[PDB]
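**Q** Here goes the first bit of my complex:
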Amino acid sequence: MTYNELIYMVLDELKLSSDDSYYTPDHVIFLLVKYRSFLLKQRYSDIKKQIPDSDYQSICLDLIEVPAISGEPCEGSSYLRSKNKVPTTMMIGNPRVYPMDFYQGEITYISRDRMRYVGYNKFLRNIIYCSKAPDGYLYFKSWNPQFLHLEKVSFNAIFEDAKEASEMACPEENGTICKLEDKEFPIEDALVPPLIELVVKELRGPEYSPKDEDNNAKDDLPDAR
Amino acid sequence: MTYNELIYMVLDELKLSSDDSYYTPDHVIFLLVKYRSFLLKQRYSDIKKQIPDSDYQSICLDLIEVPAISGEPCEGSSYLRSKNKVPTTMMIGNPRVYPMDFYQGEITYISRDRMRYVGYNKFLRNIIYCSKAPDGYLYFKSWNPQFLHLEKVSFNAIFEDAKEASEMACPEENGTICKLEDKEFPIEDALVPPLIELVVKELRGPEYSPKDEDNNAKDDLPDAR
Amino acid sequence: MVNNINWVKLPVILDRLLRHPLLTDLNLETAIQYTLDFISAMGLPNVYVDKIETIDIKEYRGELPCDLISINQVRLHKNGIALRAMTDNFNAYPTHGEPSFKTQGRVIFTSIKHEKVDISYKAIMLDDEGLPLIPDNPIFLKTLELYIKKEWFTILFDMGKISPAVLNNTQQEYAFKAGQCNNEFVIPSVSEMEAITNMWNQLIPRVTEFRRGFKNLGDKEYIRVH
């Protein structure tokens, strides 16, 4: 299913057909992305299960050589980093940075705490490491000067915000998809009934809840206006 | 998500659309920051779990050399300290003071009780220590006179008040963000449905509760006015 | 060892681990570190490559090769006489014998001032990449696979993502195969039990095989008829 089919099921389950309604598809897009990572963390964080291929998204990145701090000589070796910020991955699956071929390359996504201590082993010095700094950017690191020639990687993981990873999505064979709504929503099809139930339950009560109808310089909600 | 999307979900869940309403976005900003640290302490304080990168914020600090007590010679060696007060960190993640590069430096954030006894080991005397004194400031300490040349550090932690750490935020590539509402709210996206539920539950009951409507030099709340 | 050590690359251990759906987040980088911990902890001298290098000693010191892991013997180059071990506390130090050596880092410390020495040593076999190369022995390969499965499951058990019955089975199965893998590499072949036979059965006991490179160790002892 796409983004559109999941929006329009929750809208039709709530019967939110009218254009002059309080809850828009943007209330539904927000809650579907929030309840996706809520529900994936409820299933896949206590004990370790197989994660289906549906929960992952592959985003495309452009890498640029950035300094360590500034343009000074004694600061340390420079990194590569994504020019745009990357989404935050969930810690439930197999995140994987790969050089535009999933079946090839050893670029290792790790913790940010680990990446300040990497490559001191003599047998692990030609391996490129990845982490997301608190800048919001994906940084790259190895002791091999060759890693500073990467121009492009793809990042397959279960990101926390599914909407962020759909705007950074890889180009198709046909071309880019202009609307978020014609893009694939990233959840297993076995988790879509629990996802629709929780988003409908959150908006069902507030759907029939009263509003401050009158423009009279007064709060009319205690009167159930 | 930003601060704005989280405010306007709780407002729209409560249907607080009117400008002449009792509960403003400042009631919602307050309760979202209070229920963020409430909920993070409920999840991440009993037994030790992985904390996602979303719950952290990086703040930027200017450090100045301050005396130990006053300008007297026999008081002790001087410190560095932040010129502005720092937020209080929660004890659930990996707080980290770093010299504007997260993957570099050994500046150790510790307890305030520990920092009065540090550096007596001959192999731990070139290490800079951090703690937050009861002054509210972050103090720095080492036996190495070189540490008194730090002008700037960044502090990544899960601070207790998310609003305090958003006004001390690091400058972006584009520039500073003027409004708190266009800044990123620091919680994992899997904790946003329990966060919105508790803030809506707190304000839902009081949303329909009566007010002292009449100006008559008398309390009209027992009459449910 | 009875079987020959045919070499295969490290990713052959990853076909076997990623058959297990809980070990699907494993890497080459994790397979590199856990292999070297496993290769070390077993200590099998058949997994290493025997090398010989001649280095020159400048003054009771010489620079050791870069790939060196363990010295088999050090001997003199002109004589062939082997060096034993430095027990002296005050070796190259003057005040106001049988030659020796001592090695700490990339430096060897001998008893001889200006001499060339042959060093027979062990290294790790590498690839076209500078990466370890492992035996294709399905006993070695199975217990290296069970090693990594036991290090990954120990992390997952600390996290609370594995049953204590699951880790207890992996700790048991690695424990059996580690002894089977030890005995697979240690227990001699028929051709090594013949050299063991000739050393063991000696009417005039040969007790100076260290002076040679243990060359005549497994040689057969002959007695004349009279």
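**A** Ah, there it is. Numbering: from 1, shown residues only, chains lettered A, B, ... in the order given.

**Q** For the rest of this, base every contact and every neighbour count on C-alpha atoms.
**A** OK.

**Q** Can you list the buried residues in stretch C:169-189?
**A** Along stretch C:169-189, these residues count as buried under the neighbour rule (16 or more other C-alpha atoms under 10 Å in any protein chain shown): C:170-171, C:174, C:177-178, C:181, C:184-185, C:188.

**Q** oh, I was asking about stretch C:38-53
**A** In terms of neighbour count (16+ other C-alpha under 10 Å), stretch C:38-53 has its buried residues at C:38-39, C:47-48, C:50.

**Q** returning to what we had before: secondary structure and distance to residue A:20 added to the buried residues of stretch C:169-189, as TSV?
**A** TSV is the format used below for the buried residues of stretch C:169-189 (DSSP: H, G, I helix; E, B strand; the rest coil; distance: C-alpha to C-alpha, whole Å):
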residue	secondary structure	distance to residue A:20
C:170	helix	62
C:171	helix	64
C:174	helix	66
C:177	helix	71
C:178	helix	71
C:181	helix	74
C:184	helix	78
C:185	helix	79
C:188	coil	87
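
**Q** Residue C:157 contacts residue C:168, doesn't it?
**A** No: contact between residue C:157 and residue C:168 fails when scored by C-alpha atoms under 8 Å: they sit 10.3 Å apart.

**Q** Mind checking which of these two has more residues around it?
**A** When neighbours are counted by other C-alpha atoms under 10 Å in any protein chain shown, residue C:157 and residue C:168 differ, and residue C:157 comes out ahead with 16 against 13.

**Q** what about stretch A:116-131, how long is it end to end?
**A** Taking C-alpha to C-alpha, to the nearest Å, stretch A:116-131 runs 10 Å from one end to the other.

**Q** Wondering if it reaches chain C at all.
**A** Yes: on the criterion C-alpha under 8 Å from any C-alpha of the partner chain, stretch A:116-131 is in touch with chain C at A:123-124, A:127.

**Q** I'd like to know how far the residue nearest the centre of chain C sits from residue C:53.
**A** A centroid search over chain C (C-alpha atoms, centre = their mean) returns residue C:45, at 3.4 Å, as the residue closest to the centre. Counting by C-alpha to C-alpha, the separation of residue C:45 from residue C:53 is 18 Å.

**Q** Also put chain D in, sequence below:
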Amino acid sequence: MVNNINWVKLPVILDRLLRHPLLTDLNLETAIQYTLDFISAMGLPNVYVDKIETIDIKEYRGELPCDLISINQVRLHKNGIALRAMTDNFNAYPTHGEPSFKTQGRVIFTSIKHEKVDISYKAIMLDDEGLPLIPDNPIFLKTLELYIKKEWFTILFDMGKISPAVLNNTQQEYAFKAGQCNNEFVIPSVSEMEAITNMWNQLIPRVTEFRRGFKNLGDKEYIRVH
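**A** Let me add chain D to what's already shown:
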């Protein structure tokens, strides 16, 4: 020790610890202290650097080097004769022999008034930074990693943030590797078993090897034919 001690920096132990997501708040500062506690508690004399210094004794006292951790021997500089130990209770004290020494702090207390002495001692190997340097032995490295994982988990178990089954597994696994790491560093090489062989097999027993720097300790004993 069979393998050579190749030196690596302390942050190589932090690549291994921070593979564990419960050990992600570890530092270099915590890795420094837990290494020195581990290096001490094992007491392996192969981890230290052997040094020799000549100091001069002014009056039954001399100033000891700054890096000194344990003395191998003290000997006289002009003779080479070694000093044993001070058992005297009233040493440099007059009222109204075989030389000795005694060391408490940075001062050595000898039996000789005005003399130069050679001190063969052990120190810690340092870096370009003044920081410890650890062996790259994946047995040493694994059990130092399990040492720090057991000290960090003991704090977390006191806090109530770790299962008692999790700490019991770490206390067990450190307990096995600590014996494997002891035997890895203690059990002699082939070249040290030859010096052990020559000391053990002695028809005329050599019982004065302390007078030398144990120089002729592993020397072979020869008997003439008659």
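
**Q** back to the buried residues of stretch C:38-53, now that we've got chain D?
**A** When neighbours are counted by 16+ other C-alpha under 10 Å, the buried residues of stretch C:38-53 are found to be C:38-43, C:47-48, C:50.

**Q** my guess is the residue nearest to the centre of chain C is in a helix, correct?
**A** No: when the secondary structure is assigned by DSSP: H, G, I helix; E, B strand; the rest coil, residue C:45 falls in coil instead of a helix.

**Q** Can you give me the distance of it to chain B?
**A** Separation of residue C:45 from chain B (C-alpha to the nearest C-alpha, to the nearest Å): 37 Å.

**Q** now residue C:65
**A** As for residue C:65, its distance to chain B is 31 Å (criterion: C-alpha to the nearest C-alpha).

**Q** Other residues contacting the longest strand along chain A?
**A** As assigned by DSSP state E, the longest strand anywhere in chain A is strand A:57-66. With C-alpha atoms under 8 Å, 6 or more residues apart in numbering or on different chains as the test, strand A:57-66 has contacts from A:78-84, A:148, A:150-159, A:165-166, A:168-170, A:186.

**Q** how does it look with 6 Å?
**A** The list of residues contacting strand A:57-66 from outside it, by C-alpha atoms under 6 Å, 6 or more residues apart in numbering or on different chains, reads A:78-82, A:151-157, A:168-170.

**Q** And these, which of them are buried?
**A** A residue is treated as buried here by neighbour count (16+ other C-alpha under 10 Å); on that basis the buried members of the contacts of strand A:57-66 are A:78-82, A:153-157, A:168-170.

**Q** What about the residues you listed, which are in strands?
**A** Checked against DSSP E, these include these in strands: A:79-82, A:153-157.

**Q** Format the residues you listed as CSV; extra columns: distance to residue C:88.
**A** Written out in CSV, the entries for these read as follows (distance: C-alpha to C-alpha, whole Å):
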residue, distance to residue C:88
A:79, 50
A:80, 53
A:81, 55
A:82, 59
A:153, 59
A:154, 60
A:155, 59
A:156, 61
A:157, 60
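
**Q** Now do the helices in the chain.
**A** As the question left the chain open, I've gone with chain A. Along chain A, the stretches classed as helices by DSSP state H are A:3-13, A:25-44, A:112-115, A:162-167, A:192-207.

**Q** Chain C is the one I meant
**A** In order along the chain, chain C carries the following helices (DSSP H): C:12-17, C:28-42, C:138-159, C:164-186, C:190-200.
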